[PDB]
Visitor: 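The structure under discussion is supplied below as structure tokens; questions concerning it will follow.
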Amino acid sequence: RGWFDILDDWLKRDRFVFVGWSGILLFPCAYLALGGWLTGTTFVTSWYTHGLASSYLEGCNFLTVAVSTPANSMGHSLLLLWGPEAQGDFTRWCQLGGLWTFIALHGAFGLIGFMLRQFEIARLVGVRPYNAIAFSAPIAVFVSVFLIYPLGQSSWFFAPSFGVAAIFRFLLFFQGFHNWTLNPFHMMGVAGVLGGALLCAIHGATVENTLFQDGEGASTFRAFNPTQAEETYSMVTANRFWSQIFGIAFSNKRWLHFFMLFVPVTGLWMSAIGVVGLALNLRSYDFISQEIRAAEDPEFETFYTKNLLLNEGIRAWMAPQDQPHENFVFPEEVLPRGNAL
Amino acid sequence: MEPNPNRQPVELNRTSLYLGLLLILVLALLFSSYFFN
Amino acid sequence: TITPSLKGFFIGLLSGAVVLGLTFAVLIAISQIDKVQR
Amino acid sequence: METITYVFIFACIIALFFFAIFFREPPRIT
Amino acid sequence: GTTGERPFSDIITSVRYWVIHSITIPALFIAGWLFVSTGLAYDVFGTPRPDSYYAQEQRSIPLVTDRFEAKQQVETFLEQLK
Amino acid sequence: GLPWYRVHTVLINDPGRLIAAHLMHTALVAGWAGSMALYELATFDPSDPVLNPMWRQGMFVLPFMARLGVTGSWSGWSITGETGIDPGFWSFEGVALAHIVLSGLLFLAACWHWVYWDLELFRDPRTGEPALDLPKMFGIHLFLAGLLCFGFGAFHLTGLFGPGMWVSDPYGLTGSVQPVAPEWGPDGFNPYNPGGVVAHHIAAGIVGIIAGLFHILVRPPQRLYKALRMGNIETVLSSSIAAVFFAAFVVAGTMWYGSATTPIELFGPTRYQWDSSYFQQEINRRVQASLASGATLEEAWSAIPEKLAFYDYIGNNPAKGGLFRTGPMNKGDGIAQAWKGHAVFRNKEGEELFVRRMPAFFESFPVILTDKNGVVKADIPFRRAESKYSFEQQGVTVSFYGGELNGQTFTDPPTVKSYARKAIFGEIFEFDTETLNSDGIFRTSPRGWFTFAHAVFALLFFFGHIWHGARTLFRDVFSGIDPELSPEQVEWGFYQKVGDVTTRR
Amino acid sequence: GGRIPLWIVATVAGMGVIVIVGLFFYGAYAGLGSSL
Amino acid sequence: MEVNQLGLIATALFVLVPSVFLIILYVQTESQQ
Amino acid sequence: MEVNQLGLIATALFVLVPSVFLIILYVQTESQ
Amino acid sequence: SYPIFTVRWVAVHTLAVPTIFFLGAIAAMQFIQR
Amino acid sequence: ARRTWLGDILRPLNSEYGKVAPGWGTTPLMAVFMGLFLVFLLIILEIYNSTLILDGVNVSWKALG
Amino acid sequence: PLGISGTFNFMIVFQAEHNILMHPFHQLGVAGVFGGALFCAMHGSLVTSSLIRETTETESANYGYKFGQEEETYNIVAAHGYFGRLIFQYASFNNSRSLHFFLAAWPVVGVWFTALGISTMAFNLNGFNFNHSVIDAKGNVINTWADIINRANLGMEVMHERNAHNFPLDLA
Ligand code: CLA
Ligand code: CLA
Ligand code: CLA
Ligand code: CLA
Ligand code: CLA
Ligand SMILES: C=Cc1c(C)c2cc3nc(c4c5[nH]c(cc6nc(cc1[nH]2)C(C)=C6CC)c(C)c5C(=O)[C@@H]4C(=O)OC)[C@@H](CCC(=O)OC/C=C(\C)CCC[C@H](C)CCC[C@H](C)CCCC(C)C)[C@@H]3C
Ligand SMILES: CC1=C(/C=C/C(C)=C/C=C/C(C)=C/C=C/C=C(C)/C=C/C=C(C)/C=C/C2=C(C)CCCC2(C)C)C(C)(C)CCC1
Ligand SMILES: CC1=C(/C=C/C(C)=C/C=C/C(C)=C/C=C/C=C(C)/C=C/C=C(C)/C=C/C2=C(C)CCCC2(C)C)C(C)(C)CCC1
Ligand SMILES: CCCCCCCCCCCCCCCCCC(=O)O
Ligand code: OEX
Ligand SMILES: [Cl-]
């Protein structure tokens with residue numbers, strides 16, 4: 001009946017928003033990550049780190065605002081407010097990119113908080129912790145992309161910036177520099193995300209179209225009771241439908257729902273792995289055998305060589321403005337260009 | 001000395017065989033191009 | 001000798017302690033008042 | 001050799017499809 | 001069903017509620033408005049005003065290029081506008 | 001029956017066969033180390049530590065034996081290039097042999113422990129049930145770990161009773177195995193100070209001895225035993241995995257950034273050394289110093305050791321590789337033979353021009369020549385028709401100082417362009433591409449390959465921590481939730497405190 | 001308690017959003033960020 | 001095309017070893033029943 | 001030594017395929 | 001007998017208060033001219 | 001179970017399974033060392049990071065001479 | 001193209017010619033597919049989390065369900081009571097029919113929109129163009145992340161089908 005147990009009592013009270021011990025970590029950090037993003041996108045520029053406007057105050061819209069990465073010259077500095085770079089000056093902190101580390105790091109501890117919360121509530125309520133397990137995939141993606149990837153590179157500057165259009169630029173950077181679409185770890189991720197959405201749609205559609213008539217209304221939603229024992233749709237008819245339509249069907253409700261966990265979670269883990277490789281520029285960029293042939297044989301052409309020409313265009317036309325700290329100066333005559341364009 | 005009490009049978013049903021072979025064949029199909037390179 | 005960044009370190013370190021201690025003081029206070037009835 | 005390999009794997013996948021469909025464990029009720 | 005907090009639909013259809021919040025909500029709106037209209041938002045955060053991205057005859061970005069002198073570099077650029 | 005993913009759970013309540021499986025694993029790992037070493041010895045060329053060091057040859061365990069003091073072959077060669085040495089029994093070959101003999105010995109003990117699984121040592125004396133006292137085992141093993149960590153630092157690393165470790169100068173020219181005195185001051189946390197490594201193992205070795213002794217004699221608090229399920233061996237697997245992926249992230253990071261324990265003569269340069277022109281600055285520093293004391297251009301550059309120039313080359317940058325570009329760096333750009341010399345470009349007005357160096361991000365990069373102020377003065381144009389800066393128009397020449405081409409000048413435009421294309425990679429070397437049938441495409445070094453593996457294994461092991469931790473804390477519902485969990489325990493308001501039935505309203 | 005009917009609260013809040021977001025789209029064509 | 005000669009055996013073992021593992025387990029499941 | 005490149009796969013499969021056949025036959029013998 | 005100040009009350013206002021303020025700042029911005 | 005000479009000798013070391021110190025025991029002391037170890041790792045991390053700069057601690061390869 | 005790299009070629013050129021990423025119907029497509037994967041994992045994990053103990057730890061839990069049994073195999077109230085507490089109660093479904101309809105409708109509608117995106121970029125109604133939308137008091141252009149996107153788009157544009165254009169505008 002000591003203080004630790006009294007606090008435990010209070011943190012775990014059943015209230016509108018459950019708190020828990022995990023709440024101590026989660027709620028400050030989530031709110032601060034989210035406040036940092038909203039604050040930066042409304043008020044803070046990227047002029048000195050990127051040579052970019054990036055807030056509503058400067059004239060940007062919701063698609064173009066961003067909290068942008070620190071300047072390349074910061075290396076991987078934690079950029080603490082009190083550190084040697086900002087030296088406690090809040091304004092300079094904002095201008096050097098300190099809000100990016102702020103959001104990234106509070107965001108990471110919030111994501112931990114959130115998964116501990118899924119563990120905490122699962123234990124109190126008495127259920128198996130698979131929702132927590134599944135959330136490991138979002139965490140793997142976040143840390144590999146926002147933390148591991150820029151740590152292998154020269155600086156945080158090459159991490160994603162927290163913005164809609166900024167993330168689009170990150171997509172295109174990865175195409176032109178890393179040829180990431182060619183990476184089989186991205187391809188497994190594509191399959192898991194697209195396979196997940198498929199499974200989501202096809203499982204919902206099936207349940208809704210093998211419903212049992214359990215009421216008399218044309219709205220079939222009313223005819224369900226959450227404490228009823230009986231299944232609300234026919235697994236037998238669903239199995240026959242799909243067997244006859246597609247050749248094979250699920251027959252085991254448990255396998256079905258495990259597979260729905262398995263497919264998208266695994267795909268996200270796979271894509272995280274390939275990004276770890278790209279942290280080191282360990283790309284699936286080329287096929288050697290294709291290049292040897294093409295170098296010797298100028299009539300040889302595939303969609304593979306066509307895409308590298310596109311990559312080479314991306315790199316040369318975007319690098320000067322996207323990597324301003326490098327002072328790239330490409331005279332017009334060196335820019336790769338096809339005929340006329 | 002008694003025989004070991006902790007031994008257990010292992011199983012792989014036919015659906016798990018089909019699923020695993022498909023997984024392996026598709027992985028091979030995807031990665032083989034990178035092994036030949 | 002205590003360089004400017006070792007100074008900020010302690011500044012950062014004291015602030016964390018403050019924020020953390022303040023937080024737990026409040027939480028322990030409220031938990032003491034609004035107990036569960038058993 | 002690489003062509004033969006690619007086609008060989010694809011052919012095995014098509015054969016697997018045939019057995020997965022026509023030689024599945026039959027779902028039996030209750 | 002419930003955990004004993006007062007329901008939202010009961011709160012926001014209540015007269016006391018709207019008596020407080022018809023003051024608190026506009027006041028906050030006007031506060032944020034003044035935060036911008038006074039120019040204070042610019043100065044707190046360091047965001048360039050439309051006239052202070054470049055000096056009159058400059059077209060170089062004032063890019064931070066040093067880690068530990070970065071604060072001093074930004075201050076140097078800002079003087080080159082005054 | 002058991003699913004396939006659960007076959008090894010038959011060991012959870014069987015300590016002897018658990019020891020048997022751990023012995024087999026240890027045998028397999030010792031066996032790998034010996035096999036890997038023998039393969040590397042059979043493929044390693046020791047004849048040129050300057051331009052064909054181990055890390056260009058795809059050597060992976062050789063640098064780890066060298067790091068701790070193993071530097072010589074029974075064949076008479078050493079990795080430092082000294083000839084006619086007598087390493088004693090602890091040559092590369094004898095290190096490999098010992099691991100193979102250890103593996104054999106572990107295999108046999110594994111068989112004995114598998115058969116004689118039912119040892120009374122493993123039974124609890126009161127209940128007669130298999131039982132391991134994990135809290136005391138931890139103290140024992142920790143005390144052992146601390147003795148070994150202390151001894152490793154106190155005897156092996158100092159050279160008190162051992163060889164020391166690989167140390168080098170800041171530019172990786174003069175490395176060797178040396179005894180290292182402990183650094184007890186604050187610089188002992190400098191990752192680039194080797195004395196800190198010595199001090200770490202002595203200090204932490206004593207702390208582990210002291211902590212081990214505490215954990216042998218002091219029982220765990222009841223609160224923590226229950227919280228952490230300390231009667232359950234899977235809680236140990238959960239925490240152990242966490243410590244291991246923590247450890248794997250650290251060694252990936254120090255491999256990539258570099259530290260005193262990842263020297264560049266065993267693993268190759270880091271990408272940051274290319275990023276910051278680390279070696280180029282030192283070379284320029286030296287040439288200027290030679291020029292100040294009246295040396296000619298030819299003499300200043302000829303004094304540049306080829307080993308330093310080879311570091312100043314992007315083909316040795318570990319961030320230039322690819323995932324499926326396999327094998328040693330030599331398979332790509334070739335086996336380096338000679339420094340060609342420092343290329344100096346000048347235009348028709350005699351101004352010195354500077355090739356813009358390729359950055360590691362770019363698979364390909366255009367050829368742009370700048371003046372000392374960064375103004376573009378020549379390039380290789382893509383579109384020819386409106387070019388202003390062609391080599392042909394600007395009369396760009398290249399002259400070599402030092403190296404193989406010292407004192408030679410080239411003025412024919414296509415030859416000058418050919419060297420400018422190589423100059424974006426840094427310093428220019430002659431390569432043997434025939435011997436290995438090199439395909440000309442950059443591969444990563446063992447610094448790259450190690451970082452990739454350990455970063456990936458660390459991330460994967462995080463999921464294993466989550467999985468086994470979940471299984472420990474939720475063991476009671478692993479097979480499903482209670483079929484008699486009533487709806488009042490999950491519906492809102494019934495209990496003041498969530499899940500606590502003593503707080504009903 | 002339930003004085004102000006809920007449909008009326010919904011309608012006024014609703015228009016209040018349309019107005020603010022309207023203003024935000026108007027500002028895409030005026031002033032900062034309008035290309036002009 | 002000039003492809004990595006070991007691509008073939010990598011691919012064959014990659015297919016054969018894990019498939020053989022599953023077949024072994026399937027057949028001995030059927031012989032229990 | 002300029003040996004046959006297909007010698008490796010031929011040897012590898014020569015061992016593997018019949019060895020696997022026997023192992024399959026033996027395991028399903030023990031489990032009945 | 002309902003309470004007025006709750007953990008819920010705090011979570012709500014912790015978000016609603018800055019939101020309205022931010023909406024005011026952003027509405028002013030639509031009248032900035034270059 | 002089988003008794004062996006070596007088993008008899010090691011027996012006392014695997015004989016207190018389940019034994020706990022009451023209540024919270026040394027938990028408060030454990031918490032103190034956890035806290036010190038965190039600050040200690042912080043310092044180490046921030047030195048590597050060059051967020052904590054110390055006199056005479058040149059976090060560079062050039063700290064080999 | 002009916003090929004893997006051909007697909008990527010199609011999607012890089014589509015971005016250069018239509019700025020599909022700045023198009024809201026492709027953004028709804030991403031939200032349809034991301035959300036679908038999210039809710040697939042959520043739903044799979046919540047049902048799996050609330051399976052009723054029917055088996056021992058030596059058998060797959062999947063054998064706790066027999067094809068064609070009448071009783072549900074999980075406890076939706078325990079799953080609702082977990083997820084309602086992870087967020088808050090009224091953000092969680094306890095009607096299984098509403099729930100699965102939501103699962104059906106979210107990705108289907110997202111993918112409708114992204115298909116309509118391609119179908120309407122077929123008639124050259126392209127993604128938002130904020131190229132040079134921010135300029136300063138003098139009139140200098142102030143780049144944003146959209147102008148950086150545009151540099152990438154340009155490099156795809158100028159390089160694609162490099163021998164096929166004789167005139168300065170790629171009008172189709
Ligand atoms: C649990 C909540 C939580 C967590 C995990 C974090 C975590 C973090 N914050 Mg955030 N922060 C929080 C709440 C939190 N914050 C809150 C509530 C606020 C509002 C006040 C902020 C405001 C804030 C700002 C403004 C900044 C951070 C920053 C940081 C980072 C650096 C933290 C650090 O170095 O602390 C160091 C301190 C500790 C780790 C405390 C350890 C103390 C131990 C227990 C013992 C020490 C004893 C003590 C010193 C004795 C006093 C002696 C005295 C008498 C002399 C880190 C990612 C920085 C950042 O993101 O940089 C990019 C940053 O600039 N935070
Ligand atoms: C068919 C098209 C397709 C598909 C389906 C995918 C699918 C994927 N891509 Mg790929 N991509 C494609 C085309 C495609 N891609 C193309 C053509 C390119 C160009 C080369 C790329 C380039 C690309 C890059 C550059 C990257 C991906 C990544 C990914 C993965 C993203 C995972 C995810 O949801 O992250 C979403 C993010 C998370 C899951 C992290 C955690 C999110 C937390 C929980 C947020 C919490 C929100 C919080 C509540 C605040 C909200 C409020 C706020 C919104 C207001 C996934 C496998 C990423 C990847 O591989 O990562 C490993 C990545 O970095 N893609
Ligand atoms: C008599 C024992 C012995 C000795 C002297 C050696 C010696 C060697 N081995 Mg071999 N090895 C051995 C046994 C031994 N080995 C066994 C039993 C195995 C099977 C597991 C191996 C498996 C093995 C592999 C796989 C490899 C070697 C390699 C090597 C070489 C490099 C060693 C090295 O870098 O360690 C690295 C040191 C560490 C990893 C130690 C870190 C320990 C962590 C940080 C501590 C973890 C937490 C700790 C418990 C907490 C302590 C608390 C603290 C307060 C005290 C060296 C010649 C390498 C080589 O070149 O092979 C040819 C190599 O690649 N060994
Ligand atoms: C930590 C492990 C490690 C590391 C870092 C190295 C590092 C290295 N090795 Mg060594 N090696 C190792 C382990 C390791 N080795 C082991 C365990 C063996 C025994 C098999 C060997 C045997 C060996 C030989 C025989 C040779 C090397 C060589 C080399 C060098 C080049 C490697 C290369 O081309 O990679 C290529 C790497 C890849 C192409 C990556 C493969 C990625 C896999 C296929 C992805 C799998 C994905 C998976 C299937 C998806 C499933 C997930 C989900 C769907 C369920 C390099 C220094 C070479 C050298 O230069 O030596 C002188 C050489 O000839 N190694
Ligand atoms: C010290 C490390 C360690 C140890 C001892 C264990 C031990 C265990 N795990 Mg855990 N686990 C770990 C790490 C570890 N795991 C990690 C890193 C992960 C994340 C990938 C997991 C994820 C995991 C899951 C998800 C599950 C387990 C399960 C189990 C149990 C049954 C495993 C089994 O029978 O596999 C039998 C496996 C096979 C017959 C074939 C596996 C072959 C894989 C696919 C590839 C081959 C690996 C290669 C040959 C060698 C490894 C290379 C490299 C690691 C050195 C067992 C107690 C199971 C469990 O909880 O049972 C209750 C379970 O369901 N583990
Ligand atoms: C863009 C894609 C994407 C988003 C936005 C997203 C979002 C979310 N997923 C969650 C959950 C999940 N995600 C899951 C599977 C997946 N999630 C996926 C993809 C995503 N998931 C995918 C593809 C899968 C399939 C594997 C599962 C299984 C779960 C859950 O259980 C959980 C849930 O409850 O869903 C209902 C929620 C976790 C809430 C939380 O942590 O609050 C706390 C908020 C914190 C800690 C703040 C984090 C701040 C981040 C990391 C950095 C700052 C971000 C800025 C504020 C905004 C930047 C925006 C610009 C970039 C444009 C949240 C709604
Ligand atoms: C950073 C920082 C911090 C923090 C801060 C914070 C925390 C903040 C917050 C802030 C906030 C928290 C914000 C908010 C905002 C909001 C907003 C801005 C909103 C908006 C919205 C909208 C606009 C919407 C609308 C709509 C639409 C459009 C459509 C649909 C419908 C709707 C209605 C939804 C501190 C202090 C620590 C210090 C350091 C730094
Ligand atoms: C008995 C005996 C003996 C003998 C011994 C021997 C002879 C040994 C051997 C051993 C060995 C010789 C071992 C080895 C092993 C190896 C291994 C163990 C390997 C492993 C592998 C793996 C694991 C891999 C994997 C992978 C792949 C394949 C791909 C990529 C990725 C990865 C890496 C994952 C003696 C005489 C001493 C004495 C008496 C007793
Ligand atoms: C684990 C919880 C950590 C909480 C940390 C929150 C940090 C609180 C913010 C304190 C900011 C003060 C820094 C500004 C003063 C620095 C002046 C200087 O560098 O000399
Ligand atoms: O084809 Mn296919 O791609 Ca539609 O634009 Mn015009 O054309 Mn061609 O160029 Mn850009
Ligand atoms: Cl045309």
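In what follows, chains carry the letters A, B, and so on, assigned in the order in which the sequence lines appear, proteins first and then strands, with residues in each chain numbered from 1. FYI, side chains are in, hydrogens and waters are out, and symmetry mates aren't considered; it's all heavy atoms of this structure.
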Visitor: So which atom in K/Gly25 and which in F/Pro221 form the shortest heavy-atom distance, rounded to 0.1 Å?
Guide: N-CB, 3.9 Å

Visitor: Can you see which heavy atom on F/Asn190 is nearest to which on K/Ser60, and at what distance?
Guide: OD1-N, 4.4 Å

Visitor: Is a side-chain N or O of K/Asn14 found less than 3.5 angstrom from the main chain of F/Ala131, in a donor-acceptor match?
Guide: yes

Visitor: Please name the pair of heavy atoms, one in K/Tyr17 and one in F/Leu132, separated by the smallest distance, quoted to 0.1 Å.
Guide: CD1-O, 3.3 Å

Visitor: Could you tell me which of K/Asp55, K/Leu54, K/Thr26 has the largest number of non-hydrogen atom pairs under 4.5 Å with chain F?
Guide: K/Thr26

Visitor: Without swapping roles, check the side chain of K/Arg11 against the backbone of F/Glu120 for a donor-acceptor pair under 3.5 Å.
Guide: yes

Visitor: Would you compute the distance between atom CG of K/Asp8 and atom CG of F/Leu121 and round it to the nearest 0.5 angstrom?
Guide: 9.0 Å

Visitor: Give a yes-or-no answer on whether the side chains of K/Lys62 and F/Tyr171 include a donor-acceptor pair shorter than 3.5 Å.
Guide: yes

Visitor: Looking at every heavy atom in both K/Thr4 and F/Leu119, which two are closest together, and how far apart are they?
Guide: CG2-CD2, 4.4 Å

Visitor: Can you tell me which portion of F/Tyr116 sits under 4.5 Å from chain K's heavy atoms? Options are side chain, backbone, both or neither.
Guide: side chain

Visitor: Of the listed residues (F/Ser259, F/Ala260, F/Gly195), which shares the most heavy-atom pairs with chain K below a 4.5 Å separation?
Guide: F/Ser259

Visitor: What closest approach, in Å, do F/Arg219 and K/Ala21 show between heavy atoms, and which atom pair accounts for it?
Guide: O-CB, 3.7 Å

Visitor: Passes side-chain contact (heavy atoms from CB on, under 4.5 Å), K/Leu64 versus F/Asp169? Steps please.
Guide: CA-CA 5 Å; K/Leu64 295 146; F/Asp169 68 282; 5.6 Å; no

Visitor: Do K/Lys19 and F/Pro135 have side chains that get closer than 4.5 Å, going by heavy atoms?
Guide: no

Visitor: Atom CZ in F/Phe214, atom CG in K/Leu29: separation rounded to 0.5 Å?
Guide: 7.0 Å

Visitor: Could you report the tightest heavy-atom contact between F/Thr270 and K/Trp61, atom names first, then the distance?
Guide: CG2-CZ2, 3.9 Å

Visitor: Has F/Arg223 got a side-chain atom pairing as donor or acceptor with K/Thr27's backbone, closer than 3.5 angstrom?
Guide: no

Visitor: Which region of F/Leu224, side chain (C-beta onward) or backbone (N, CA, C, O), has a non-hydrogen atom less than 4.5 Å from a non-hydrogen atom of chain K, or is it both or neither?
Guide: side chain

Visitor: Chain K: which of F/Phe122, F/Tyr192, F/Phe189, F/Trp117 shares the most heavy-atom pairs with it under 4.5 Å?
Guide: F/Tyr192

Visitor: Where does F/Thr127 contact chain K at under 4.5 Å (heavy atoms): side chain, backbone, both or neither?
Guide: neither

Visitor: When you compare the side chain of F/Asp133 with that of K/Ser15, does any pair of heavy atoms fall below 4.5 Å?
Guide: no

Visitor: Counting only heavy atoms closer than 4.5 Å, note whether F/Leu134 contacts chain K via side chain, backbone, both or neither.
Guide: neither

Visitor: For chain F, which residues of residues 42-49 of chain K have at least one non-hydrogen atom nearer than 4.5 Å to it?
Guide: K/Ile44, K/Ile47, K/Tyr48

